[PDB]
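S.K.: One structure coming up, written as structure tokens, with questions to follow.
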Amino acid sequence: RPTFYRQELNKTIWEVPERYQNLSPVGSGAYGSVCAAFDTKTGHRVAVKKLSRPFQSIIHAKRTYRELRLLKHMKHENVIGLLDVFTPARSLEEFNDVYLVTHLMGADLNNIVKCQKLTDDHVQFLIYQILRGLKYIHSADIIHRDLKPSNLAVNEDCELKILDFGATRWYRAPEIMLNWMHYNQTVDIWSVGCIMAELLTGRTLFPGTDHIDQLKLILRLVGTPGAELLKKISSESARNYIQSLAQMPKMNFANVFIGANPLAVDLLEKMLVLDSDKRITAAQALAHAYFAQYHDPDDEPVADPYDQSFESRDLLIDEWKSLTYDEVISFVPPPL
Amino acid sequence: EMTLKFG
């Protein structure tokens, strides 16, 4: 057990090990507050997140456990990883606060386009890394569900990490924006297509103002649902609404993205398919010719299987809290 | 790929 020190910053008490120095508040909200800090053990800047009200209810206690289980499982170069998790508590009885430490990420994808025009090489590398992280995620039956440029961190070497597992609507697959059916892992592939289109053109692809406006913009590019997709939509009202729409053919993407790398446009056509069963998977997209400069099938690893059977458990607050405490205690830090 | 600028 390290030595902790206690301080008040922005009327929040932070009690962290000595190794974390120069804490500066950089965010707050209902999920918790975040300080940037200097980790003297690794010599890196880190984000320290103090969870807010982690065990106030059953719902909160289970959400804390789910987040810690998820973050402890992710061990991949293009996915955010848990550098440390700690509590000042010496036992379960006084366990009330949970702190999570991750790499401090200097810029997101929105930030990097603000000060430079990305080359087609830059876009190949960025999208390749996103798909490489997603192949790992999806191989553990994890879905991100909220991929967007602000959840993608990029450094000065154009190296990328996927953050913050589940303007959000602009990157959402239509079957989950309107709750048409149970989510496929390829809802994340839809988001990658939206991000890639935006990086290639400098314009948001589907910037609708509400759900209906956005759905109409999507359907104008990809076509209205056919009978095979309509059969998969379980909500009867959703099916009746889609059938009320004037039919629209899919558009030729090459006529929408003139001047872009033709292999880029080809990959976009494979990601932005309306039927999620027909969208390209992350593993398949890594093999697409657009990424020929970067694809190495021996350097695109998969995850350990991830046991989500806890999700169907019905437990007391203090049982979720005890499970969380066990996961804090059993945490093994990554190698330096 | 090689380099990007900070915001």
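Scheme for the structure tokens: letters A, B, ... for chains in order shown; per-chain residue numbers from 1; ligand numbers from 1 in order shown.
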Should the cut-off be 10 Å, what would the residue list for chain A against chain B look like, counting only C-alpha atoms, as a ChimeraX atom specification?

M.R.: /A:106-108,110-126,154-159

S.K.: With N, CA, C and O atoms kept, could you save the residues just selected as a compact mmCIF listing (two decimals), in the first residue's frame?

M.R.:
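Ended up saving to selection_2.txt:
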```
# COMPACT_ATOMS: atom_id res chain seq x y z
N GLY A 106 -3.69 13.84 -25.27
CA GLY A 106 -3.51 15.25 -25.54
C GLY A 106 -4.54 15.81 -26.52
O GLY A 106 -5.02 16.94 -26.35
N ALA A 107 -4.90 15.04 -27.55
CA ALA A 107 -5.78 15.56 -28.59
C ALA A 107 -6.73 14.46 -29.04
O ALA A 107 -6.33 13.30 -29.13
N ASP A 108 -7.96 14.85 -29.36
CA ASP A 108 -8.89 13.94 -29.99
C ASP A 108 -8.92 14.21 -31.50
O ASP A 108 -8.21 15.08 -32.02
N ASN A 110 -11.31 15.47 -33.40
CA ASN A 110 -11.77 16.82 -33.74
C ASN A 110 -10.66 17.84 -33.61
O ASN A 110 -10.55 18.77 -34.42
N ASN A 111 -9.80 17.69 -32.60
CA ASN A 111 -8.72 18.65 -32.39
C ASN A 111 -7.68 18.58 -33.49
O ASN A 111 -7.16 19.62 -33.91
N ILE A 112 -7.34 17.38 -33.98
CA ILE A 112 -6.23 17.32 -34.92
C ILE A 112 -6.62 17.93 -36.27
O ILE A 112 -5.76 18.49 -36.96
N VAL A 113 -7.90 17.87 -36.65
CA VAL A 113 -8.28 18.48 -37.92
C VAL A 113 -8.38 20.00 -37.81
O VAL A 113 -8.37 20.69 -38.84
N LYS A 114 -8.43 20.54 -36.59
CA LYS A 114 -8.52 21.99 -36.43
C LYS A 114 -7.24 22.70 -36.84
O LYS A 114 -7.28 23.89 -37.18
N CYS A 115 -6.09 22.03 -36.79
CA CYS A 115 -4.84 22.72 -37.08
C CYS A 115 -4.06 22.12 -38.26
O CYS A 115 -2.92 22.53 -38.47
N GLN A 116 -4.63 21.17 -39.01
CA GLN A 116 -3.96 20.66 -40.20
C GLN A 116 -4.95 19.94 -41.10
O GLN A 116 -6.02 19.52 -40.66
N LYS A 117 -4.58 19.83 -42.37
CA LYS A 117 -5.34 19.05 -43.33
C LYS A 117 -4.70 17.67 -43.39
O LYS A 117 -3.52 17.55 -43.73
N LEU A 118 -5.47 16.64 -43.06
CA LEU A 118 -4.94 15.28 -43.09
C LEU A 118 -4.73 14.83 -44.53
O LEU A 118 -5.58 15.05 -45.40
N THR A 119 -3.58 14.21 -44.79
CA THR A 119 -3.32 13.59 -46.08
C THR A 119 -4.07 12.26 -46.17
O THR A 119 -4.57 11.74 -45.17
N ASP A 120 -4.13 11.69 -47.38
CA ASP A 120 -4.76 10.38 -47.52
C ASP A 120 -3.96 9.31 -46.78
O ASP A 120 -4.55 8.35 -46.28
N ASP A 121 -2.64 9.49 -46.64
CA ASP A 121 -1.84 8.60 -45.79
C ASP A 121 -2.27 8.68 -44.33
O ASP A 121 -2.34 7.66 -43.64
N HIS A 122 -2.51 9.90 -43.84
CA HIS A 122 -2.98 10.09 -42.46
C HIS A 122 -4.30 9.37 -42.22
O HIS A 122 -4.49 8.75 -41.17
N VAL A 123 -5.22 9.46 -43.19
CA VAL A 123 -6.54 8.86 -43.02
C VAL A 123 -6.44 7.34 -43.05
O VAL A 123 -7.09 6.65 -42.25
N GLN A 124 -5.63 6.79 -43.97
CA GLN A 124 -5.38 5.34 -43.98
C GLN A 124 -4.90 4.85 -42.62
O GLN A 124 -5.44 3.89 -42.07
N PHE A 125 -3.91 5.54 -42.04
CA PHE A 125 -3.32 5.09 -40.78
C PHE A 125 -4.31 5.23 -39.62
O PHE A 125 -4.43 4.31 -38.79
N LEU A 126 -5.03 6.35 -39.55
CA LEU A 126 -6.00 6.55 -38.48
C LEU A 126 -7.11 5.52 -38.54
O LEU A 126 -7.44 4.90 -37.53
N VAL A 154 -5.48 10.88 -30.30
CA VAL A 154 -4.40 10.81 -31.28
C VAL A 154 -3.23 11.61 -30.73
O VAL A 154 -3.43 12.70 -30.17
N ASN A 155 -2.00 11.09 -30.90
CA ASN A 155 -0.80 11.82 -30.48
C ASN A 155 -0.09 12.42 -31.69
O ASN A 155 -0.56 12.32 -32.83
N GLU A 156 1.07 13.04 -31.44
CA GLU A 156 1.82 13.71 -32.50
C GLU A 156 2.41 12.74 -33.50
O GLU A 156 2.79 13.16 -34.59
N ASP A 157 2.49 11.45 -33.17
CA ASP A 157 2.93 10.43 -34.10
C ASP A 157 1.79 9.81 -34.90
O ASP A 157 2.01 8.79 -35.56
N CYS A 158 0.59 10.40 -34.83
CA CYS A 158 -0.62 9.90 -35.48
C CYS A 158 -1.04 8.52 -34.95
O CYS A 158 -1.73 7.77 -35.65
N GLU A 159 -0.63 8.18 -33.73
CA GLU A 159 -1.03 6.93 -33.09
C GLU A 159 -2.34 7.14 -32.34
O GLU A 159 -2.54 8.17 -31.71
```

S.K.: Find the spatial neighbours of residue A:68, counting only C-alpha atoms, within a cut-off of 8 Å - ignore same-chain residues fewer than 3 positions away - and output them as a PyMOL selection string.

M.R.: chain A and resi 64-65+71-72+324+327

S.K.: Rounded to one decimal in Å, what is the spacing between atom CA of residue A:50 and atom CA of residue A:144?

M.R.: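 Atom CA of residue A:144 lies 22.0 Å from atom CA of residue A:50.
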
S.K.: Taking only stretch 73-308 of chain A into account, list the residues labelled strand (DSSP E) by DSSP (computed from the backbone), as a short mmCIF file (atom, residue, chain, number, x, y, z; two decimals) with N, CA and C atoms, in the first residue's frame.

M.R.:
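The result, stored in out38.cif:
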```cif
data_model
loop_
_atom_site.label_atom_id
_atom_site.label_comp_id
_atom_site.auth_asym_id
_atom_site.auth_seq_id
_atom_site.Cartn_x
_atom_site.Cartn_y
_atom_site.Cartn_z
N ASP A 84 -3.93 1.97 -13.61
CA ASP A 84 -3.99 1.77 -12.17
C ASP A 84 -5.44 1.98 -11.76
N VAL A 85 -5.83 1.30 -10.68
CA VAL A 85 -7.09 1.58 -10.00
C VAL A 85 -6.78 1.48 -8.51
N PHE A 86 -7.29 2.43 -7.72
CA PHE A 86 -6.94 2.43 -6.31
C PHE A 86 -8.08 3.01 -5.49
N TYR A 99 -10.87 5.20 -7.79
CA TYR A 99 -10.14 6.06 -8.70
C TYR A 99 -9.54 5.22 -9.82
N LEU A 100 -9.64 5.71 -11.05
CA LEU A 100 -9.14 5.02 -12.23
C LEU A 100 -8.08 5.88 -12.90
N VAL A 101 -6.97 5.27 -13.31
CA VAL A 101 -5.87 6.00 -13.92
C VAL A 101 -5.67 5.45 -15.33
N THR A 102 -5.64 6.35 -16.32
CA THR A 102 -5.37 6.00 -17.70
C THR A 102 -4.38 7.00 -18.28
N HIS A 103 -3.83 6.68 -19.45
CA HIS A 103 -2.96 7.61 -20.16
C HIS A 103 -3.70 8.91 -20.44
N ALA A 107 -4.90 15.04 -27.55
CA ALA A 107 -5.78 15.56 -28.59
C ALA A 107 -6.73 14.46 -29.04
N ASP A 108 -7.96 14.85 -29.36
CA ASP A 108 -8.89 13.94 -29.99
C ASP A 108 -8.92 14.21 -31.50
N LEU A 152 -11.83 9.32 -29.74
CA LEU A 152 -10.64 8.79 -30.38
C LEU A 152 -9.49 9.74 -30.09
N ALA A 153 -8.49 9.26 -29.37
CA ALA A 153 -7.35 10.06 -28.97
C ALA A 153 -6.18 9.81 -29.91
N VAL A 154 -5.48 10.88 -30.30
CA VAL A 154 -4.40 10.81 -31.28
C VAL A 154 -3.23 11.61 -30.73
N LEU A 160 -3.24 6.16 -32.43
CA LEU A 160 -4.61 6.35 -32.00
C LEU A 160 -5.02 5.33 -30.94
N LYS A 161 -5.88 5.77 -30.02
CA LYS A 161 -6.53 4.91 -29.04
C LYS A 161 -8.02 5.20 -28.98
N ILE A 162 -8.82 4.13 -28.92
CA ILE A 162 -10.26 4.23 -28.69
C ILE A 162 -10.52 4.42 -27.20
#
```

S.K.: Taking 4 positions as the minimum chain separation for residues in the same chain, which residues sit within 10 Å of residue A:228 when counting only C-alpha atoms? Answer as a ChimeraX atom specification.

M.R.: /A:232-233,275

S.K.: Export C-alpha atoms of the chosen residues as a PDB file, in the first residue's frame?

M.R.:
```pdb
ATOM      1  CA  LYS A 232     -35.705  -7.966 -39.055  1.00  0.00           C
ATOM      2  CA  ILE A 233     -37.230  -4.845 -37.485  1.00  0.00           C
ATOM      3  CA  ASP A 275     -28.568  -3.918 -43.161  1.00  0.00           C
TER       4      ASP A 275
END
```

S.K.: If you count only C-alpha atoms, which residues fall within 12 Å of residue A:12, apart from same-chain ones fewer than 6 positions away, as number ranges by chain?

M.R.: A: 6, 23-25, 27-29, 32-35, 49-52, 97

S.K.: Output N, CA and C atoms of each residue in that selection to a file, as a PDB file, in the first residue's frame.

M.R.:
```
ATOM      1  N   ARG A   6      -3.938  13.821   0.880  1.00  0.00           N
ATOM      2  CA  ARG A   6      -5.311  14.282   0.792  1.00  0.00           C
ATOM      3  C   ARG A   6      -5.310  15.761   0.453  1.00  0.00           C
ATOM      4  N   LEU A  23      -1.851  17.458  -9.563  1.00  0.00           N
ATOM      5  CA  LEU A  23      -3.205  17.220 -10.055  1.00  0.00           C
ATOM      6  C   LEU A  23      -3.862  18.539 -10.449  1.00  0.00           C
ATOM      7  N   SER A  24      -4.413  18.593 -11.661  1.00  0.00           N
ATOM      8  CA  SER A  24      -5.116  19.778 -12.147  1.00  0.00           C
ATOM      9  C   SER A  24      -6.486  19.363 -12.664  1.00  0.00           C
ATOM     10  N   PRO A  25      -7.575  19.885 -12.091  1.00  0.00           N
ATOM     11  CA  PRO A  25      -8.933  19.542 -12.555  1.00  0.00           C
ATOM     12  C   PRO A  25      -9.170  19.899 -14.015  1.00  0.00           C
ATOM     13  N   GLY A  27     -12.213  18.455 -15.681  1.00  0.00           N
ATOM     14  CA  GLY A  27     -13.532  17.976 -16.049  1.00  0.00           C
ATOM     15  C   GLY A  27     -14.304  17.443 -14.866  1.00  0.00           C
ATOM     16  N   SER A  28     -15.627  17.410 -15.035  1.00  0.00           N
ATOM     17  CA  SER A  28     -16.548  17.094 -13.951  1.00  0.00           C
ATOM     18  C   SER A  28     -17.892  16.698 -14.555  1.00  0.00           C
ATOM     19  N   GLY A  29     -18.765  16.147 -13.715  1.00  0.00           N
ATOM     20  CA  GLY A  29     -20.090  15.747 -14.152  1.00  0.00           C
ATOM     21  C   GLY A  29     -20.642  14.602 -13.318  1.00  0.00           C
ATOM     22  N   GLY A  32     -18.339  11.468 -12.748  1.00  0.00           N
ATOM     23  CA  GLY A  32     -17.158  11.638 -11.926  1.00  0.00           C
ATOM     24  C   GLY A  32     -16.316  12.808 -12.393  1.00  0.00           C
ATOM     25  N   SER A  33     -15.299  13.175 -11.616  1.00  0.00           N
ATOM     26  CA  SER A  33     -14.396  14.257 -11.977  1.00  0.00           C
ATOM     27  C   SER A  33     -13.027  13.701 -12.343  1.00  0.00           C
ATOM     28  N   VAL A  34     -12.319  14.445 -13.191  1.00  0.00           N
ATOM     29  CA  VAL A  34     -11.059  14.021 -13.781  1.00  0.00           C
ATOM     30  C   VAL A  34     -10.011  15.090 -13.502  1.00  0.00           C
ATOM     31  N   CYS A  35      -8.829  14.656 -13.067  1.00  0.00           N
ATOM     32  CA  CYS A  35      -7.655  15.503 -12.985  1.00  0.00           C
ATOM     33  C   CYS A  35      -6.596  14.982 -13.936  1.00  0.00           C
ATOM     34  N   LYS A  49      -9.379   9.643 -12.729  1.00  0.00           N
ATOM     35  CA  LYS A  49     -10.826   9.821 -12.631  1.00  0.00           C
ATOM     36  C   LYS A  49     -11.314   9.343 -11.269  1.00  0.00           C
ATOM     37  N   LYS A  50     -11.939  10.230 -10.510  1.00  0.00           N
ATOM     38  CA  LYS A  50     -12.570   9.853  -9.254  1.00  0.00           C
ATOM     39  C   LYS A  50     -14.046   9.600  -9.522  1.00  0.00           C
ATOM     40  N   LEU A  51     -14.503   8.374  -9.271  1.00  0.00           N
ATOM     41  CA  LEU A  51     -15.889   8.055  -9.581  1.00  0.00           C
ATOM     42  C   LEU A  51     -16.824   8.781  -8.621  1.00  0.00           C
ATOM     43  N   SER A  52     -17.910   9.310  -9.170  1.00  0.00           N
ATOM     44  CA  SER A  52     -18.873  10.042  -8.367  1.00  0.00           C
ATOM     45  C   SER A  52     -20.003   9.121  -7.938  1.00  0.00           C
ATOM     46  N   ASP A  97     -14.630   5.133  -2.135  1.00  0.00           N
ATOM     47  CA  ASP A  97     -14.184   5.857  -3.315  1.00  0.00           C
ATOM     48  C   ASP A  97     -13.349   4.957  -4.209  1.00  0.00           C
TER      49      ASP A  97
END
```

S.K.: When distances are computed from only C-alpha atoms, which of A:38, A:31, A:136, A:294 shows the smallest separation from residue A:166?

M.R.: A:31

S.K.: Please report the interatomic distance between atom CA of residue A:332 and atom CA of residue A:83 in Å with one decimal.

M.R.: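 Rounded to one decimal, the two atoms are 9.3 Å apart.
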
S.K.: What separation in Å, quoted to one decimal, exists between atom CA of residue A:221 and atom CA of residue A:206?

M.R.: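 Distance between the two atoms: 9.6 Å.
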